[PDB]
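Undergrad: Just the starting chains for now, same placement as in the complex:
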Amino acid sequence: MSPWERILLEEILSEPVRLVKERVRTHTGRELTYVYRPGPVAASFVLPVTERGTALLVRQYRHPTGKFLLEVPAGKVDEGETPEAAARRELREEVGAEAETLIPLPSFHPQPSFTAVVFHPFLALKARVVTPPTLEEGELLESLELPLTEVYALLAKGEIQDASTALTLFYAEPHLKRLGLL
């Protein structure tokens, strides 16, 4: 029941990111070219909290912005992998950590006007570093540990620029207070 009809779907790029340019007939009966990153595609985000009430985060270079941003560990869900498995895998790769319970938080689309990607946030409890990180070529980041009170102060001060990290923190807050970690 799509309101727009496909006329022609052209692949503009296949790797490292698939991008398409689609000519469609809109609700006005006119034609329009829409450019986007097609689905199905997803990524998992995980706020790793330790038993000491601290969070394991990453300070990561994000080339398009030219900045190093404070973010929760996160990454693309591989083919046939569940969001929870991707969350645990990226946590291990980026911070060298493992966790016990992973509480699922509301999923969201970071930029639905351009990409079909769905981001799956999680709150990981009893997070602990157990091995050295294993980063891919392309990943420039350092892991760090911050008291939850400081992380939420930064959030309140509007200093968390990565939207997904900020949203994950907002969704995690009530759970953290309930669990007595915040």
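TA: Yes, it's here. Numbers count the residues shown, from 1 in each chain, chains lettered A, B, ... in the order given.

Undergrad: how about the CA coordinates for the helix or strand in which residue A:164 is found, as PDB?
TA: Taking DSSP states H and E as the definition, residue A:164 sits inside helix A:163-179. What follows is helix A:163-179, C-alpha atoms only, in PDB (Å, rounded to 0.1, in the frame of the first residue of the first chain):
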ATOM      1  CA  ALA A 163      22.000  11.600  18.800                       C
ATOM      2  CA  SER A 164      21.800   7.900  19.300                       C
ATOM      3  CA  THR A 165      24.000   8.000  22.400                       C
ATOM      4  CA  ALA A 166      21.900  10.800  23.800                       C
ATOM      5  CA  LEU A 167      18.600   9.000  23.100                       C
ATOM      6  CA  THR A 168      20.000   5.700  24.500                       C
ATOM      7  CA  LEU A 169      20.900   7.600  27.700                       C
ATOM      8  CA  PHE A 170      17.400   9.100  28.000                       C
ATOM      9  CA  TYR A 171      15.700   5.700  27.500                       C
ATOM     10  CA  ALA A 172      18.100   4.100  30.000                       C
ATOM     11  CA  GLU A 173      17.700   6.600  32.800                       C
ATOM     12  CA  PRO A 174      14.500   5.300  34.400                       C
ATOM     13  CA  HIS A 175      15.900   1.700  34.400                       C
ATOM     14  CA  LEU A 176      19.200   2.900  36.000                       C
ATOM     15  CA  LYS A 177      17.200   4.700  38.700                       C
ATOM     16  CA  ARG A 178      15.000   1.600  39.300                       C
ATOM     17  CA  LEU A 179      18.100  -0.600  39.600                       C
END
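
Undergrad: while you're at it, add chain B from this line:
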Amino acid sequence: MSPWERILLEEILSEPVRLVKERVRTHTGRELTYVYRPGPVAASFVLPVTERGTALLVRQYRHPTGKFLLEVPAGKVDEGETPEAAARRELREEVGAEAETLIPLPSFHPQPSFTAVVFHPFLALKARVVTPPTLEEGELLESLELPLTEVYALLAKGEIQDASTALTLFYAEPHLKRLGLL
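TA: Chain B goes in next, on the same frame as the chains above:
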């Protein structure tokens, strides 16, 4: 002081969205191809609240997701336009509304791994419909009015799928409580 050095920047598309494919030399001294939507580019998001404690939102088709999403009015900042002016302009175009004070909320990057875009959220007070909407070809949406209590119930229930709308609501909440609108 960029950690990555440009080898060659190729434009893959100029319109309707500019996209580039850049070959860079990374921190490992190796080469990598990075694909992204270059800056400077921005959009403004505005939560329009009425004097009756309701919010003016839009139910908008987002083609990449194939869904109609509940969002706050928002749009691209045009060349040489300020974020506040874009917020007021898109509010007028999409909902046919005007507002009095616009309180700036923390700006954020929706997906820094892929786009340089910065989103500028605002809380608009005394919002009121004054004219019919003026939508562009490409915009398929309907405006609606919901009590703030219902909007925040939806947020708490994890039903707000658009990340920017969800984050704008979280940042706006303390202000709304302070002002006595929530």
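
Undergrad: so residue A:158 touches residue B:121, yeah?
TA: No - with contacts counted by C-beta atoms under 8 Å, residue A:158 stays clear of residue B:121, the gap being 9.8 Å. Where C-beta positions appear, they are placed from N, C-alpha and C, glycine not excepted.

Undergrad: Can you tell me how far the residue lying farthest from the centre of chain A is from chain B?
TA: In chain A, the greatest distance from the average C-alpha position (C-alpha atoms, centre = their mean) is reached by residue A:29, at 36.4 Å. Separation of residue A:29 from chain B (C-beta to the nearest C-beta, to the nearest Å): 10 Å.

Undergrad: In which helix or strand does that residue reside?
TA: Residue A:29 is part of no helix or strand, with elements assigned from DSSP H and E.

Undergrad: just the one 4 residues further on next, same as before
TA: Of the helices and strands defined by DSSP H and E, residue A:33 is found in strand A:31-36.

Undergrad: can you give me the helices in chain A?
TA: Counting by DSSP state H, one finds helices in chain A at the ranges A:83-95, A:148-156, A:163-179.

Undergrad: Which residue lies nearest the spatial centre of chain A?
TA: The centroid of chain A falls nearest to residue A:45 when counting by C-alpha atoms, centre = their mean (4.2 Å).

Undergrad: pretty sure that one is in contact with residue A:123, am I right?
TA: No - if you go by C-beta under 8 Å, residue A:45 and residue A:123 don't touch, sitting 10.0 Å apart.
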